[PDB]
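For reference, the structure is listed below as structure tokens.
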Ligand SMILES: *[C@@H]1O[C@H](CO)[C@@H](O)[C@H](O)[C@H]1NC(C)=O
Ligand SMILES: *[C@@H]1O[C@H](CO)[C@@H](O)[C@H](O)[C@H]1NC(C)=O
Ligand SMILES: *[C@@H]1O[C@H](CO)[C@@H](O)[C@H](O)[C@H]1NC(C)=O
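Chains as they are written, first to last, in PDB author numbering: chain K, 2 to 126; chain L, 1 to 110; chain C, 51 to 99; chain A, 51 to 99; chain E, 1 to 495; chain F, 1 to 75; chain D, 1 to 75.
Pasting the structure below:
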């Protein structure tokens, strides 16, 4: 089980940066793919999750109108798209997984959520 | 459903036992057992040290123990080896279906 | 001529912004900020925990 | 030890921002924008017009 | 041990001489099986998938009328003609309008009139059918071991998932460390999919009766029509209006999606996107435990100290689950666990996680046990450092018996004539009961098909009254029994 | 219409929530309540007819309830 | 639903033809006939119940008619 993201990206303020996480070593469709940011020297921050089984999503209120999360089942890749970027969005973006229930609904997490992360993606502006 | 509170820094001489506190609300930490502790070394992704308040992953040492009392959940390290020096982040699945991460704490060990 | 509208009825709606909140057993009911607003349709139920 | 709040009951309250809306007879019901907020308490009644 | 924390969990106790037990699985429900020398297992039907569905009929729920043409005939000249009238993609109607000198006829009477509009479907609902050979049920067998989750293992839980298809209806689950279990399932009886239609409307799907689907009053294509230019029953979705016998107009009858949603009440909704997943089925299997064995039976009792790392909690089923951890010398060892009285001179409760063992020292094991009604004490460990925990169970034995009888009656109401196979170990009484229930259920389905629950209650009351006021005692009791049964079924139906 | 053949009584019922079960359990009975509230005149005549038709007391109530149920649902 | 409460008995009926008068004149009776055809079992049971509950041929026939008409509509 390994989660691989894209390379670090540098964006001018007001632009939109899209990052990706590639899920290998496990059934992509059976897991929910979370996005967690961390400003340099700040705490972690949950952004939202994409239910790769059926594409359902839930974003943190702080990103509801800006962050977009999408999946490619065949590519086994999740996408994190944060438009209207600002100065404060300079931070390493991580991707963490969480198994969805037997029916792919994913409304209750598993106690061991975020067990596997990605190395993170650095976005600067 | 706001950021959990943790001390900015924690220190402890090697071999001592060190305790970290994560204080939430009736929905973040006092309502559910979705309390997980993450260890992040600088320049690296976080590592799940504990989950379900007390449980730890298969590869996690037995020196890491978690407790939860009321709205506060605590993480205690016993051996406190040099490899235990890292930023420790607390998280919890809130009642609204979101995730809240504590501010994080740092262990200096020496 | 000049009939005044008496009542508007909805024949085709659409639901959006769905949200859920849960409580552990014996701890009463959960609270959703959207419950205050009257344009959100809400319902209380119990699920096994 | 560590009790969990189950319910919260109001003993002393206050009312502010009272507003009213009236409808001419036979024309239905009056409508208030604040009637859509659940922190506003409302009542419908009929007056002589 | 997934079957804890679910309110529909049901306990199957015992196997037959051949080491097999009959169990009926359900999607919402879960089954926990306990045998004397076999480990406790949790069986749940998680996924039922119908594959390769074939469309038998398309129904139009939102039509449209576009090219309206009309032709009029003067009185006493018969009905007029339109060439669109024998076009199948046009809906036509004949009527009579007043004709005279003003109209341009020259005779005073009723003149035949015909109007035609082209019928176009804007939205439809596909009723699909699946061959019973294409059902693939998915089951999960998790050994109720007490082991906690492992991150490193390829399977985080030791639950094993076995797929049962109608052709390959015999399969064995290999539970690592516990031997193997064999399921001899009967998919062909779980649902009669030759009398079912997978009715997919716009973005939602239901599992509905096939005659009900074929008797719907909507325009329909046969299902093989790619062009969609020959709708049948077009008049059910249009109205022809002739007021004052002066004109004739035809209008479409409005999107029928909401009327279809109202007509779908009482149909179980099933997913029909990215596969035809039904989460409402039940499956009957014969569970063979002969190759299933307890793990660590050749271990010695633990001599060290136990600490509870997860406070004892009571499940919804009247059992208790606690999580203990071991601080002793014997790496793998049997956990001493008893439910006794205060003086420890009587054994009151029985373990559900049979043979609790401690494989790894720094690895808690969580134990499900069934304490007796009232006060009881859970003793864990041996005398030096032994931990004794008190517990009170708030029920009563008569109450549990009543609840169990209610649960049995409810499963009879749901799985009529198949409930006998939920815990059967063979036997003459079980077979006699199943045969009598089959006969009576056939009669009941004949005499109560397509009737709402209120009608069921009314008929039950009438039958009970007839039985009560009956001269013969045998007929009186039989009718009162029939009335009570149909009253119960009407109360419990439509869920 | 299609909504008048609701698929309520066609067997096939599992231990899973069917479509519009809680909503549609009493909706017909509530419809009858509203109809009887709006049309009390017919109910009186139905009671009179039930009383005059059928000799036993059980018979009269059976007829009255049947008529009051058919009336609104005759559409 | 709304379709379950039609506008047929309102008393506002002029000489002009109404919305679906031609179509809906016999829809209910056709639907009852189709229901009886599809579900024969309940019809025989209703006949037996009406015969048992009615002392006279008028009571039996009326009760049977009411039972038959209510069963489909009640769904
Ligand atoms: C609902 O979601 C939309 C996005 O589809 C968003 O623009 C809007 O602000 C949300 N409104 C509420 C009340 O959540
Ligand atoms: C209500 O009244 C107060 C003064 O009592 C005023 O300050 C306020 O703006 C009014 N409206 C609201 C929404 O508070
Ligand atoms: C129906 O009317 C449309 C209007 O644009 C026209 O294009 C089409 O050819 C017509 N079809 C007929 C008259 O069959």
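Think of the CB as a built atom: it goes at the ideal place given N, C-alpha and C, for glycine as much as any other residue.
**OP:** Answer with yes or no whether the minimum CB distance from residue 43 of chain E to chain K is below 8 Å.
**Re:** With 8 Å as the cut-off, residue 43 of chain E does not count as an interface residue toward chain K.
**OP:** Check whether the Cβ atoms of residue 180 of chain E and residue 174 of chain E lie closer than 8 Å to each other.
**Re:** yes
**OP:** Scan the region 91-107 of chain L for residues whose Cβ lies nearer than 8 Å to a Cβ of chain K and list them as they occur along the chain.
**Re:** 91, 93, 97, 98, 99, 100, 101, 102, 103 and 104
Original post:
If the cut is a Cβ gap below 7 Å, which residues of chain A does residue 69 of chain L touch?
Top reply: Chain-order list of chain A residues neighbouring residue 69 of chain L: 52, by C-beta distance under 7 Å.
Original post:
Relative to chain C, which residues along the region 294-320 of chain E have a C-beta separation below 8 Å, given in chain order?
Top reply: Residues 316.
Subject >> Coil, strand or helix - residue 58 of chain K by DSSP >> reply: strand
Original post:
Since residue 325 of chain E is in the beta strand (DSSP E), which residue starts that stretch and which ends it?
Top reply: In the DSSP assignment, residue 325 of chain E falls within the unbroken beta strand (DSSP E) covering 320-327.
Original post:
When the Cα of residue 58 of chain L is compared with those of L:67, L:48 and L:7, which residue comes out closest?
Top reply: L:48
**OP:** Taking residue 54 of chain C and residue 77 of chain A to be in contact with their CB atoms under 8 Å, please state how far apart those CB atoms are, rounded to whole angstroms.
**Re:** That belief holds up - the Cβ atoms of residue 54 of chain C and residue 77 of chain A are roughly 6 Å apart, short of 8 Å.
**OP:** Out of L:5, L:18, L:1 and L:4, state which residue places its alpha-carbon closest to the alpha-carbon of residue 85 of chain L.
**Re:** L:18
Original post:
Using a beta-carbon distance below 8 Å, is residue 17 of chain L in contact with chain A?
Top reply: no
Subject >> CA-to-CA distance, residue 368 of chain E to residue 5 of chain E, given in whole angstroms >> reply: 12 Å
**OP:** Taking a Cβ distance cut-off of 7 Å, strictly less, list which residues of the region 46-65 of chain L are near chain E, in chain order.
**Re:** Cβ contacts with chain E: 54, 55, 57, 58, 59 and 62.
Original post:
Which partner residues does residue 143 of chain E have in the DSSP bridge list?
Top reply: E:41
Original post:
Would residue 48 of chain F count as contacting chain D if we go by Cβ distances under 8 Å?
Top reply: no
Subject >> beta-carbon residue 230 of chain E near ligand 5 non-hydrogen atom, thresh 7 Å >> reply: In terms of ligand content, the structure shown lacks ligand 5 and carries ligand 1, ligand 2 and ligand 3 instead.
Original post:
If you measure from the beta carbon of residue 31 of chain L to each beta carbon in chain C, is any gap under 8 Å?
Top reply: Yes - at least one Cβ of chain C is within 8 Å of the one on residue 31 of chain L.
Original post:
At least one CB of chain F closer than 8 Å to the CB of residue 265 of chain E: is that the case?
Top reply: yes
**OP:** Run through the region 28-80 of chain K for me and flag every whole beta strand (DSSP E) of 3 or more residues, listed as ranges in chain order.
**Re:** 32-39, 45-52, 57-60 and 68-73
Original post:
How far does the beta strand (DSSP E) with residue 460 of chain E in it reach, from first residue to last?
Top reply: Residue 460 of chain E -> not in any beta strand (DSSP E); alpha helix (DSSP H) instead, spanning 453-468.
Subject >> Minimum C-alpha distance to residue 160 of chain E - residue among E:145, E:139 and E:230 >> reply: E:139
**OP:** Please name the residue in L:46, L:80 and L:20 whose C-alpha comes closest to that of residue 73 of chain L.
**Re:** Considering only alpha carbons, the answer is L:20.
Subject >> Boundaries (first-last residue) of the alpha helix (DSSP H) holding residue 106 of chain L >> reply: No alpha helix (DSSP H) contains residue 106 of chain L, which is instead part of the beta strand (DSSP E) from 105-107.
**OP:** Within its chain, find whatever has a CB closer than 7 Å to the CB of residue 67 of chain D; leave out the 5 residues flanking it on each side and keep chain order.
**Re:** 46, 49 and 50
Original post:
If we call anything under 8 Å between Cβ atoms a contact, is residue 256 of chain E one with residue 283 of chain E?
Top reply: no
Original post:
Going by Cα to Cα distance, which pick from E:215, E:185 and E:9 is closest to residue 31 of chain D?
Top reply: E:215
Original post:
Relative to ligand 3, is the shortest distance from any of its heavy atoms to the C-beta of residue 67 of chain E smaller than 7 Å?
Top reply: Ligand 3 has a heavy atom closer than 7 Å to the beta-carbon of residue 67 of chain E.
Subject >> C-alpha gap between residue 402 of chain E and residue 312 of chain E, whole angstroms >> reply: 27 Å
**OP:** Consult DSSP for residue 88 of chain L and reduce its assignment to one of helix, strand or coil.
**Re:** Assignment of residue 88 of chain L by DSSP, reduced to helix, strand and coil, places it in the strand class.
Original post:
Taking the runs of the beta strand (DSSP E) that are 3 residues or longer, which of them lie wholly in the region 238-319 of chain E?
Top reply: 238-241, 249-252, 276-278, 282-288 and 305-314
**OP:** Alpha carbon to alpha carbon, how far is residue 5 of chain L from residue 504 of chain E? Give it in angstroms, no decimals.
**Re:** Residue 504 of chain E lies beyond the range of chain E shown here (1 to 495); nothing can be said about it.
Original post:
Out of curiosity, what's the CA-to-CA distance linking residue 52 of chain A and residue 26 of chain L?
Top reply: If I take the Cα positions, the gap works out to 11 Å.
Original post:
Between residue 87 of chain A and ligand 1, is the CB less than 7 Å from at least one heavy atom?
Top reply: no
Original post:
How many angstroms separate the CA atom of residue 230 of chain E from the CA atom of residue 270 of chain E?
Top reply: If you take the alpha carbons of residue 230 of chain E and residue 270 of chain E, they lie about 29 Å apart.
Original post:
Closest to residue 233 of chain E by CA distance: which of E:146, E:168 and E:63 is it?
Top reply: E:63
**OP:** Classify residue 26 of chain D as helix, strand or coil using the three-state DSSP reduction.
**Re:** coil
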